[PDB]
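*Asks:* Structure supplied as data.txt; contents: compact mmCIF, N, CA and C atoms.
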# COMPACT_ATOMS: atom_id res chain seq x y z
N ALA X 200 -31.80 -29.14 30.55
CA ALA X 200 -32.56 -28.21 31.37
C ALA X 200 -34.04 -28.53 31.22
N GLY X 201 -34.75 -28.56 32.35
CA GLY X 201 -36.16 -28.86 32.37
C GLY X 201 -36.53 -29.76 33.53
N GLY X 202 -37.60 -30.53 33.36
CA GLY X 202 -38.04 -31.46 34.38
C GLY X 202 -37.29 -32.77 34.26
N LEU X 203 -36.26 -32.93 35.08
CA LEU X 203 -35.41 -34.11 35.00
C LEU X 203 -34.49 -34.11 36.20
N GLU X 204 -34.18 -35.31 36.68
CA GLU X 204 -33.22 -35.47 37.77
C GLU X 204 -31.82 -35.58 37.18
N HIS X 205 -30.85 -34.92 37.83
CA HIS X 205 -29.47 -35.00 37.36
C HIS X 205 -28.95 -36.43 37.38
N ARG X 206 -29.53 -37.27 38.23
CA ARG X 206 -29.10 -38.67 38.33
C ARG X 206 -29.33 -39.39 37.01
N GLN X 207 -30.53 -39.24 36.43
CA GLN X 207 -30.85 -39.97 35.21
C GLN X 207 -30.04 -39.48 34.03
N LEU X 208 -29.71 -38.19 34.00
CA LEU X 208 -28.86 -37.69 32.92
C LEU X 208 -27.46 -38.32 33.00
N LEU X 209 -26.91 -38.43 34.22
CA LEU X 209 -25.63 -39.11 34.38
C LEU X 209 -25.70 -40.58 33.98
N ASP X 210 -26.81 -41.26 34.32
CA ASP X 210 -26.94 -42.67 33.93
C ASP X 210 -26.97 -42.81 32.42
N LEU X 211 -27.78 -41.99 31.75
CA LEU X 211 -27.82 -42.00 30.30
C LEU X 211 -26.47 -41.63 29.69
N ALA X 212 -25.70 -40.78 30.37
CA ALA X 212 -24.37 -40.43 29.88
C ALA X 212 -23.42 -41.62 29.93
N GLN X 213 -23.32 -42.29 31.09
CA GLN X 213 -22.50 -43.50 31.16
C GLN X 213 -23.04 -44.61 30.27
N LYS X 214 -24.33 -44.55 29.92
CA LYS X 214 -24.94 -45.59 29.10
C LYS X 214 -24.64 -45.41 27.62
N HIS X 215 -24.77 -44.18 27.12
CA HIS X 215 -24.68 -43.90 25.70
C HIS X 215 -23.44 -43.10 25.29
N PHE X 216 -22.63 -42.62 26.23
CA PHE X 216 -21.41 -41.89 25.91
C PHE X 216 -20.15 -42.52 26.48
N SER X 217 -20.25 -43.62 27.24
CA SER X 217 -19.03 -44.26 27.72
C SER X 217 -18.21 -44.77 26.54
N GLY X 218 -18.89 -45.22 25.48
CA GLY X 218 -18.25 -45.62 24.24
C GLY X 218 -17.73 -44.43 23.46
N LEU X 219 -16.85 -43.62 24.06
CA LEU X 219 -16.27 -42.46 23.41
C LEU X 219 -14.80 -42.35 23.78
N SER X 220 -13.99 -41.93 22.82
CA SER X 220 -12.54 -41.88 22.99
C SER X 220 -12.19 -40.66 23.84
N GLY X 221 -11.76 -40.91 25.08
CA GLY X 221 -11.25 -39.89 25.97
C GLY X 221 -9.74 -39.80 26.00
N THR X 222 -9.05 -40.62 25.21
CA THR X 222 -7.59 -40.65 25.16
C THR X 222 -7.13 -39.88 23.93
N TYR X 223 -6.62 -38.67 24.14
CA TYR X 223 -6.13 -37.86 23.03
C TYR X 223 -4.94 -38.54 22.35
N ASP X 224 -4.65 -38.06 21.15
CA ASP X 224 -3.45 -38.47 20.42
C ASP X 224 -2.20 -38.07 21.21
N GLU X 225 -1.06 -38.62 20.78
CA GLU X 225 0.19 -38.44 21.53
C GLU X 225 0.56 -36.97 21.64
N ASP X 226 0.51 -36.23 20.52
CA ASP X 226 0.79 -34.80 20.52
C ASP X 226 -0.10 -34.06 19.53
N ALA X 227 -1.32 -34.56 19.30
CA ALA X 227 -2.26 -33.94 18.36
C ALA X 227 -3.41 -33.25 19.09
N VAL X 228 -3.21 -32.86 20.34
CA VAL X 228 -4.19 -32.10 21.11
C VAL X 228 -4.24 -30.70 20.52
N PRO X 229 -5.37 -30.25 19.95
CA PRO X 229 -5.36 -28.90 19.38
C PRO X 229 -5.35 -27.84 20.48
N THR X 230 -4.54 -26.81 20.25
CA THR X 230 -4.43 -25.66 21.14
C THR X 230 -4.70 -24.40 20.33
N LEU X 231 -5.55 -23.52 20.86
CA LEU X 231 -5.89 -22.29 20.16
C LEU X 231 -4.75 -21.29 20.32
N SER X 232 -4.17 -20.86 19.19
CA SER X 232 -3.20 -19.78 19.22
C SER X 232 -3.93 -18.44 19.38
N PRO X 233 -3.34 -17.48 20.10
CA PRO X 233 -3.95 -16.14 20.13
C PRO X 233 -4.05 -15.53 18.74
N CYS X 234 -5.10 -14.75 18.52
CA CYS X 234 -5.39 -14.17 17.21
C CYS X 234 -5.07 -12.68 17.25
N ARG X 235 -4.13 -12.27 16.40
CA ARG X 235 -3.73 -10.88 16.29
C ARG X 235 -4.89 -10.01 15.81
N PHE X 236 -5.26 -9.02 16.61
CA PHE X 236 -6.17 -7.98 16.16
C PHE X 236 -5.39 -6.94 15.35
N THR X 237 -6.04 -6.39 14.32
CA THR X 237 -5.41 -5.44 13.41
C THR X 237 -6.36 -4.27 13.19
N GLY X 238 -5.93 -3.07 13.58
CA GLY X 238 -6.63 -1.87 13.19
C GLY X 238 -6.58 -1.68 11.69
N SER X 239 -7.74 -1.74 11.03
CA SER X 239 -7.80 -1.78 9.58
C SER X 239 -9.22 -1.43 9.15
N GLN X 240 -9.44 -1.44 7.84
CA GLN X 240 -10.72 -1.04 7.26
C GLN X 240 -10.92 -1.79 5.95
N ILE X 241 -12.16 -2.22 5.72
CA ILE X 241 -12.58 -2.85 4.47
C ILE X 241 -13.86 -2.17 4.01
N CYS X 242 -13.87 -1.71 2.76
CA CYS X 242 -14.99 -0.94 2.21
C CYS X 242 -15.42 -1.56 0.89
N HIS X 243 -16.55 -2.28 0.91
CA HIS X 243 -17.15 -2.82 -0.30
C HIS X 243 -18.17 -1.79 -0.78
N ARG X 244 -17.71 -0.90 -1.66
CA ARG X 244 -18.59 0.12 -2.23
C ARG X 244 -19.52 -0.52 -3.26
N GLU X 245 -20.81 -0.43 -3.03
CA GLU X 245 -21.80 -0.95 -3.97
C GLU X 245 -23.01 -0.02 -3.90
N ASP X 246 -23.04 0.96 -4.81
CA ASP X 246 -24.10 1.97 -4.82
C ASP X 246 -25.43 1.45 -5.35
N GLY X 247 -25.47 0.23 -5.90
CA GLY X 247 -26.73 -0.33 -6.33
C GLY X 247 -27.64 -0.73 -5.17
N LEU X 248 -27.09 -0.84 -3.96
CA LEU X 248 -27.86 -1.18 -2.77
C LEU X 248 -28.46 0.07 -2.13
N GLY H 1 -19.84 24.11 -4.13
CA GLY H 1 -18.94 23.07 -3.54
C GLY H 1 -19.65 21.74 -3.43
N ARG H 2 -19.04 20.70 -4.00
CA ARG H 2 -19.61 19.36 -3.94
C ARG H 2 -19.30 18.72 -2.59
N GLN H 3 -20.00 17.62 -2.29
CA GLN H 3 -19.85 16.93 -1.01
C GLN H 3 -19.91 15.43 -1.21
N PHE H 4 -19.24 14.70 -0.32
CA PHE H 4 -19.27 13.24 -0.32
C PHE H 4 -20.69 12.70 -0.20
N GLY H 5 -20.97 11.62 -0.94
CA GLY H 5 -22.30 11.08 -1.09
C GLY H 5 -23.06 11.59 -2.29
N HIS H 6 -22.53 12.59 -3.00
CA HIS H 6 -23.15 13.17 -4.18
C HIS H 6 -22.16 13.27 -5.34
N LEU H 7 -21.01 12.61 -5.25
CA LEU H 7 -19.98 12.80 -6.26
C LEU H 7 -20.26 11.98 -7.51
N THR H 8 -20.26 10.65 -7.41
CA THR H 8 -20.48 9.82 -8.60
C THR H 8 -20.98 8.45 -8.16
N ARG H 9 -21.11 7.54 -9.12
CA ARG H 9 -21.64 6.20 -8.91
C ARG H 9 -20.52 5.18 -9.03
N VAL H 10 -20.42 4.28 -8.05
CA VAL H 10 -19.40 3.25 -8.01
C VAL H 10 -20.00 1.95 -7.51
N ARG H 11 -19.62 0.85 -8.16
CA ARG H 11 -20.16 -0.46 -7.84
C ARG H 11 -19.06 -1.51 -7.89
N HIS H 12 -19.10 -2.43 -6.92
CA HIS H 12 -18.33 -3.67 -6.96
C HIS H 12 -16.83 -3.43 -6.81
N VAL H 13 -16.45 -2.45 -6.00
CA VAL H 13 -15.05 -2.10 -5.77
C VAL H 13 -14.79 -2.18 -4.28
N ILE H 14 -13.82 -3.00 -3.90
CA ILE H 14 -13.45 -3.22 -2.50
C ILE H 14 -12.11 -2.55 -2.24
N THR H 15 -12.00 -1.87 -1.10
CA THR H 15 -10.77 -1.22 -0.68
C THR H 15 -10.37 -1.74 0.69
N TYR H 16 -9.15 -2.24 0.79
CA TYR H 16 -8.56 -2.69 2.04
C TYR H 16 -7.55 -1.65 2.50
N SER H 17 -7.71 -1.16 3.73
CA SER H 17 -6.80 -0.17 4.31
C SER H 17 -6.29 -0.67 5.65
N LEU H 18 -5.09 -0.24 6.00
CA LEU H 18 -4.46 -0.57 7.27
C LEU H 18 -4.27 0.70 8.09
N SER H 19 -4.44 0.58 9.40
CA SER H 19 -4.27 1.73 10.28
C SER H 19 -2.85 2.27 10.19
N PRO H 20 -2.65 3.59 10.36
CA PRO H 20 -1.28 4.13 10.25
C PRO H 20 -0.39 3.76 11.43
N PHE H 21 -0.96 3.45 12.59
CA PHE H 21 -0.20 2.94 13.72
C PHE H 21 0.15 1.46 13.60
N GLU H 22 -0.26 0.80 12.51
CA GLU H 22 0.02 -0.62 12.29
C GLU H 22 1.11 -0.88 11.26
N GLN H 23 1.56 0.14 10.54
CA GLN H 23 2.46 -0.03 9.41
C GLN H 23 3.56 1.03 9.47
N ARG H 24 4.58 0.84 8.64
CA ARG H 24 5.71 1.75 8.60
C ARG H 24 5.35 2.99 7.78
N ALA H 25 5.89 4.14 8.21
CA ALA H 25 5.78 5.37 7.45
C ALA H 25 6.84 5.48 6.36
N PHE H 26 7.97 4.77 6.51
CA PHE H 26 9.04 4.75 5.51
C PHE H 26 9.38 3.29 5.21
N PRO H 27 8.46 2.55 4.59
CA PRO H 27 8.73 1.15 4.24
C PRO H 27 9.62 1.06 3.01
N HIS H 28 10.82 0.50 3.18
CA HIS H 28 11.75 0.30 2.07
C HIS H 28 12.03 1.62 1.35
N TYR H 29 12.39 2.65 2.13
CA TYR H 29 12.51 4.00 1.58
C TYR H 29 13.57 4.07 0.48
N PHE H 30 14.74 3.49 0.73
CA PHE H 30 15.81 3.49 -0.26
C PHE H 30 15.82 2.21 -1.09
N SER H 31 15.50 1.07 -0.48
CA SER H 31 15.55 -0.20 -1.19
C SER H 31 14.53 -0.27 -2.32
N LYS H 32 13.44 0.49 -2.22
CA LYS H 32 12.43 0.58 -3.28
C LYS H 32 12.31 1.96 -3.91
N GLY H 33 12.62 3.03 -3.16
CA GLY H 33 12.43 4.38 -3.69
C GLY H 33 13.41 4.75 -4.78
N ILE H 34 14.69 4.41 -4.61
CA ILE H 34 15.70 4.78 -5.61
C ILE H 34 15.41 4.15 -6.97
N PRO H 35 15.10 2.84 -7.08
CA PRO H 35 14.66 2.30 -8.37
C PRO H 35 13.49 3.05 -9.01
N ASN H 36 12.53 3.55 -8.23
CA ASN H 36 11.40 4.25 -8.82
C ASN H 36 11.79 5.61 -9.37
N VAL H 37 12.73 6.30 -8.72
CA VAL H 37 13.19 7.59 -9.24
C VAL H 37 13.87 7.40 -10.58
N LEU H 38 14.69 6.36 -10.71
CA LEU H 38 15.36 6.10 -11.98
C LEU H 38 14.36 5.76 -13.08
N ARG H 39 13.31 5.01 -12.75
CA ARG H 39 12.29 4.68 -13.74
C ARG H 39 11.61 5.95 -14.26
N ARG H 40 11.20 6.84 -13.34
CA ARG H 40 10.51 8.07 -13.73
C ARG H 40 11.42 9.02 -14.49
N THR H 41 12.70 9.10 -14.11
CA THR H 41 13.63 9.96 -14.83
C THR H 41 13.76 9.52 -16.28
N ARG H 42 13.98 8.22 -16.50
CA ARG H 42 14.13 7.70 -17.85
C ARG H 42 12.89 7.98 -18.69
N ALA H 43 11.70 7.88 -18.09
CA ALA H 43 10.47 8.01 -18.86
C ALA H 43 10.27 9.43 -19.40
N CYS H 44 10.85 10.44 -18.73
CA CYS H 44 10.64 11.84 -19.09
C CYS H 44 11.89 12.61 -19.50
N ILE H 45 13.07 12.00 -19.48
CA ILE H 45 14.30 12.77 -19.73
C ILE H 45 14.31 13.33 -21.14
N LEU H 46 13.84 12.56 -22.12
CA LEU H 46 13.90 13.00 -23.51
C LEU H 46 12.91 14.11 -23.82
N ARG H 47 11.87 14.29 -23.01
CA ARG H 47 10.94 15.38 -23.23
C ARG H 47 11.41 16.68 -22.59
N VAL H 48 12.05 16.60 -21.43
CA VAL H 48 12.40 17.79 -20.65
C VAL H 48 13.81 18.28 -20.97
N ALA H 49 14.76 17.34 -21.17
CA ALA H 49 16.17 17.72 -21.20
C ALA H 49 16.58 18.47 -22.47
N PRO H 50 16.24 18.03 -23.68
CA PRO H 50 16.84 18.64 -24.90
C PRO H 50 16.56 20.13 -25.01
N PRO H 51 15.37 20.61 -24.61
CA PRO H 51 15.18 22.07 -24.62
C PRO H 51 16.20 22.82 -23.78
N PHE H 52 16.45 22.40 -22.54
CA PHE H 52 17.40 23.12 -21.69
C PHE H 52 18.84 22.88 -22.11
N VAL H 53 19.14 21.74 -22.73
CA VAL H 53 20.46 21.58 -23.34
C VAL H 53 20.61 22.56 -24.49
N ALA H 54 19.56 22.74 -25.29
CA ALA H 54 19.60 23.72 -26.37
C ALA H 54 19.80 25.12 -25.82
N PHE H 55 19.20 25.42 -24.67
CA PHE H 55 19.43 26.71 -24.04
C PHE H 55 20.88 26.86 -23.59
N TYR H 56 21.46 25.79 -23.03
CA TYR H 56 22.82 25.90 -22.51
C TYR H 56 23.82 26.20 -23.62
N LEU H 57 23.65 25.58 -24.79
CA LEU H 57 24.57 25.83 -25.90
C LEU H 57 24.38 27.23 -26.47
N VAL H 58 23.13 27.70 -26.60
CA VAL H 58 22.89 29.06 -27.07
C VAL H 58 23.38 30.08 -26.05
N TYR H 59 23.27 29.76 -24.76
CA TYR H 59 23.75 30.66 -23.72
C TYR H 59 25.26 30.85 -23.81
N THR H 60 26.01 29.75 -23.90
CA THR H 60 27.47 29.84 -23.89
C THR H 60 28.00 30.48 -25.17
N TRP H 61 27.43 30.12 -26.33
CA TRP H 61 27.86 30.74 -27.58
C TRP H 61 27.62 32.24 -27.58
N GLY H 62 26.42 32.67 -27.17
CA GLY H 62 26.12 34.09 -27.17
C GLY H 62 27.01 34.87 -26.23
N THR H 63 27.40 34.27 -25.10
CA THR H 63 28.29 34.94 -24.17
C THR H 63 29.72 34.96 -24.70
N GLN H 64 30.16 33.86 -25.31
CA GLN H 64 31.50 33.83 -25.89
C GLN H 64 31.61 34.84 -27.03
N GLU H 65 30.61 34.85 -27.92
CA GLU H 65 30.61 35.79 -29.04
C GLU H 65 30.61 37.24 -28.56
N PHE H 66 29.80 37.55 -27.55
CA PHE H 66 29.75 38.91 -27.03
C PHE H 66 31.09 39.33 -26.43
N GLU H 67 31.82 38.38 -25.82
CA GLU H 67 33.11 38.70 -25.23
C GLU H 67 34.17 38.98 -26.30
N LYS H 68 34.19 38.17 -27.36
CA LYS H 68 35.21 38.34 -28.38
C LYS H 68 34.96 39.61 -29.19
N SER H 69 33.70 39.95 -29.43
CA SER H 69 33.41 41.15 -30.21
C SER H 69 33.85 42.42 -29.50
N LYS H 70 33.86 42.43 -28.16
CA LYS H 70 34.29 43.61 -27.41
C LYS H 70 35.81 43.80 -27.41
N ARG H 71 36.58 42.76 -27.74
CA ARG H 71 38.03 42.87 -27.85
C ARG H 71 38.41 43.38 -29.23
N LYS H 72 39.36 44.32 -29.29
CA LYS H 72 39.63 44.91 -30.58
C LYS H 72 40.54 44.01 -31.41
N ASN H 73 40.51 44.24 -32.70
CA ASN H 73 41.29 43.58 -33.73
C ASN H 73 42.34 44.54 -34.27
N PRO H 74 43.54 44.08 -34.64
CA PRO H 74 44.49 45.01 -35.26
C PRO H 74 43.90 45.61 -36.53
N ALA H 75 44.24 46.87 -36.78
CA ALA H 75 43.71 47.61 -37.92
C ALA H 75 44.08 46.95 -39.24
Please rewrite the model in this file as structure tokens.
*Replies:*
Amino acid sequence: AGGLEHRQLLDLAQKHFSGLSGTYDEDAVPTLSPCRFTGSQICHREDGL
Amino acid sequence: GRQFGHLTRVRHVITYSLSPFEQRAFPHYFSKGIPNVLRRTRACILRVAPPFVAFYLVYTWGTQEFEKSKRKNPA
């Protein structure tokens, strides 16, 4: 973001990022599992504060 | 009357609690509860029981004796 043409950013991308692995592993693609929310409570009692 | 925030001093103690809609109200009621009743009974039976056993024997003897004394004996 700033004073720059989108063209030059794409050129620099193909110039300095083409050397990057775009081929994932056979079955090692990470997938985010949903995270269980839990109604709960945590109380760190510290009266010195 | 005392109030919360003025009771006592506590430091470095963490408490983890779970919501009541997230857990069972009767978790392992018989699978865990019956063993605990037997543990507590054993721990206190010798303090509570012998007095009332002593009462039961004095109760029955006094009633038996009172019954026999009211029956007459040949002269």
*Asks:* Can you build me a table of chain H residues sitting at most 6.5 Å from chain X, with the closest atom pair per residue and its distance in Å to one decimal, using all atoms listed in the file, sorted by chain and residue number, as JSON lines?
*Replies:*
{"residue": "H:9", "atom": "CA", "partner": "X:246", "partner_atom": "CA", "distance": 6.4}
{"residue": "H:10", "atom": "C", "partner": "X:246", "partner_atom": "N", "distance": 4.2}
{"residue": "H:11", "atom": "CA", "partner": "X:245", "partner_atom": "CA", "distance": 4.2}
{"residue": "H:12", "atom": "N", "partner": "X:244", "partner_atom": "C", "distance": 4.1}
{"residue": "H:13", "atom": "C", "partner": "X:244", "partner_atom": "N", "distance": 4.1}
{"residue": "H:14", "atom": "CA", "partner": "X:242", "partner_atom": "C", "distance": 4.3}
{"residue": "H:15", "atom": "N", "partner": "X:242", "partner_atom": "C", "distance": 4.0}
{"residue": "H:16", "atom": "CA", "partner": "X:240", "partner_atom": "C", "distance": 4.7}
{"residue": "H:17", "atom": "C", "partner": "X:240", "partner_atom": "N", "distance": 3.9}
{"residue": "H:18", "atom": "CA", "partner": "X:239", "partner_atom": "CA", "distance": 4.2}
{"residue": "H:19", "atom": "N", "partner": "X:238", "partner_atom": "C", "distance": 3.9}
*Asks:* Write down as a count of residues only the residues of chain H whose backbone DSSP state falls under strand (DSSP E or B).
*Replies:* 8
*Asks:* Return as a PyMOL selection string the full set of residues in chain H whose backbone-based DSSP assignment is helix (DSSP H, G or I).
*Replies:* chain H and resi 20-22+29-70
*Asks:* For atom N of residue 29 (chain H) and atom N of residue 43 (chain H), quote the distance in Å rounded to one decimal.
*Replies:* 20.9 Å
*Asks:* Any idea what the distance is between atom C of residue 200 (chain X) and atom N of residue 212 (chain X)?
*Replies:* 14.8 Å
*Asks:* What does the distance from atom N of residue 23 (chain H) to CA of residue 235 (chain X) come to in Å, to one decimal?
*Replies:* 13.5 Å
